[PDB]
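Student: Below: the sequence, then the experimentally determined structure.
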Amino acid sequence: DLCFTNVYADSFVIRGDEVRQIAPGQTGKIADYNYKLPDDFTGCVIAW
Amino acid sequence: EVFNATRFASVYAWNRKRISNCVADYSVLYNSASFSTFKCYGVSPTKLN
């Protein structure tokens, strides 16, 4: 029921154990040195 | 000594080890240690450093 303003899709591949690190306030190898989400992140994280 | 231990204890006889006088630089675990679960309760993870 919504319209989205500035839609960006960020795609990558990680380990199964590192999927938990894709979150606004996570630490770890991926969250620190590879890909960090903002604290006020608005959007959806999808992993398969 | 903790995450690379050869043998772990049983859950009913879980082992407790004191940690003192050391620098908690957990980034050294990035190379070899992969964790399925990492949940902190009384502190945000990004503040641990």
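Tutor: Nice, I can see it. Residues are numbered from 1 along each chain as shown, chains lettered A, B, ... in the order given.
Student: where along chain B do the helices fall?
Tutor: Here chain B has no helices by DSSP state H.
Student: Pull up the residues of it that are close to chain A.
Tutor: With Cβ under 8 Å from any Cβ of the partner chain as the criterion, chain B meets chain A at residues B:27, B:30, B:34, B:35, B:36, B:37, B:38, B:44, B:45, B:46, B:48. Any C-beta I mention is one placed from the backbone N, CA and C, and that applies to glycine too.
Student: most neighbours, which of those?
Tutor: For those, counting by other Cβ atoms under 10 Å in any protein chain shown, the largest number of neighbours falls to residue B:45: 17 neighbours.
Student: I figured it hits residue A:21, correct?
Tutor: No. Residue B:45 is beyond contact range of residue A:21, at 9.5 Å (criterion: Cβ atoms under 8 Å).
Student: Could you name every residue contacting both of the two?
Tutor: Both residue B:45 and residue A:21 are contacted by A:27, A:28, under the criterion Cβ atoms under 8 Å, 6 or more residues apart in numbering or on different chains.
Student: and which of the residues of chain B next to chain A is nearest to residue A:16?
Tutor: Set against residue A:16, the nearest of those by Cβ to Cβ is residue B:36 (7.8 Å).
Student: what about the residue nearest the centre of chain A, distance to residue A:11?
Tutor: Geometric centre of chain A, nearest residue: residue A:22, 4.1 Å, by Cα atoms, centre = their mean. To residue A:11, residue A:22 is 12 Å away according to Cβ to Cβ, to the nearest Å.
Student: Residue B:36 against residue A:17, yeah?
Tutor: Yes. The criterion here is Cβ under 8 Å, and residue B:36 meets it with residue A:17 at 5.1 Å.
Student: what is in contact with these two at once?
Tutor: Both residue B:36 and residue A:17 lack any common contacting residue under the criterion Cβ under 8 Å, 6+ apart.
Student: Torsion angles phi and psi at the residue of chain B most remote from its centre?
Tutor: No residue in chain B sits farther from the centre than residue B:12, which is 19.3 Å out by Cα atoms, centre = their mean. With angles defined as degrees, to the nearest 10, residue B:12 sits at phi -70, psi -30.
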